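Numbering-wise (PDB author numbering), the sequence shown opens with residue 3 and increments by one. I have placed the structure first, in the form of structure tokens, so that the comments after it can refer back to it.
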Amino acid sequence: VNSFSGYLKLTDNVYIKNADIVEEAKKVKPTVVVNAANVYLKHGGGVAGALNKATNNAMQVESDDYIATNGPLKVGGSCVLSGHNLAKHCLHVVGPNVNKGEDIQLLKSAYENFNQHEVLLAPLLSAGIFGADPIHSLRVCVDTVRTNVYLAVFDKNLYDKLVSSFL
Ligand SMILES: O=C(O)CNC(=O)NC1CCCCC1
Numbered sequence: 003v004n005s006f007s008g009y010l011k012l013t014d015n016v017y018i019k020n021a022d023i024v025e026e027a028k029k030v031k032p033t034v035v036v037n038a039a040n041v042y043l044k045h046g047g048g049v050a051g052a053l054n055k056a057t058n059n060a061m062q063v064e065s066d067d068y069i070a071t072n073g074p075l076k077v078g079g080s081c082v083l084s085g086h087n088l089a090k091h092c093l094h095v096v097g098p099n100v101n102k103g104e105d106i107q108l109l110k111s112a113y114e115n116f117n118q119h120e121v122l123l124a125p126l127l128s129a130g131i132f133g134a135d136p137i138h139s140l141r142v143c144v145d146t147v148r149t150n151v152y153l154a155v156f157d158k159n160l161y162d163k164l165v166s167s168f169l
């Protein structure tokens, strides 16, 4: 038994809810929240801008030190950093940016990072401002992640489409 409430169960391990991931993380304080990161950990907008704003920019300060030491992530890659006031840890995962001509096949590699964590609160990777089809992202998630993932969909019309079209 865990603290997540109000989710629809899609599969043995994947759950979904219409929720603001920021508000969900603040309420639940999960072990792991996933950020929709870019390779530079520049948290300007979308999920990343919203998570970073909720940390009062502490996520960005920590991220800039990480990049100064390690250089950029790979597309499809991840790093574990602090969750600040939102979670114990933040798993920063880089989904492909379709708007940058970045291979959609890298979305499966991105989701494989979730398998290193038993339970996660996450957005749909490469959705929103990363330009991928969120229906596709949900399918890759279900077919790739084996650990328990609680998906936060900000768009209610999209949430309802994802549920109503789910095979
Ligand atoms: O709400 C979310 O969590 C992510 N939002 C989207 O992925 N929106 C797309 C919906 C379909 C058309 C393009 C934008």
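Where a beta carbon is used, it is the ideal one built from N, C-alpha and C, also for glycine.
Inter-residue Cα distance where the pair is residue i and residue j
i	j	result
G133	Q107	14 Å
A60	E104	29 Å
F156	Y42	24 Å
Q118	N159	31 Å
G48	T146	23 Å
residue 180	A124	Lying before the first or after the last residue shown, residue 180 is absent from the chain, which here runs from 3 to 169.
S80	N101	20 Å
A50	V63	13 Å
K19	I69	32 Å
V95	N115	7 Å
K55	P136	24 Å
Check: residue i C-beta below 6 Å from any heavy atom of ligand 1
i	result
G48	no
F156	yes
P98	no
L160	yes
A112	no
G130	yes
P136	yes
Chain-order list of residues whose beta-carbon lies under 8 Å from that of residue i (same chain, five-residue window excluded)
i	result
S139	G97, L109, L126, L127, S128, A129
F168	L12, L140
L53	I23, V24, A27, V35, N37, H45, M61, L88, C92
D66	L43
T57	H86, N87, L88
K76	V41, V96
Three-state secondary structure (DSSP) of residue i
i	result
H91	strand
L109	helix
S7	coil
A154	strand
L53	helix
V41	coil
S84	strand
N59	coil
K19	strand
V34	strand
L160	helix
Same chain only: Cβ atoms within 7 Å of residue i, ignoring 5 sequence neighbours per side
i	result
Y113	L127, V142, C143, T146, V147
Beta-carbon proximity list for residue i, same chain, < 6 Å, skipping 5 on both sides
i	result
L93	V34, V36, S80, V82
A154	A21, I23, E26, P125
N72	none
8 Å contact criterion, which residue i and residue j should meet: CB distance rounded
i	j	result
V16	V151	5 Å
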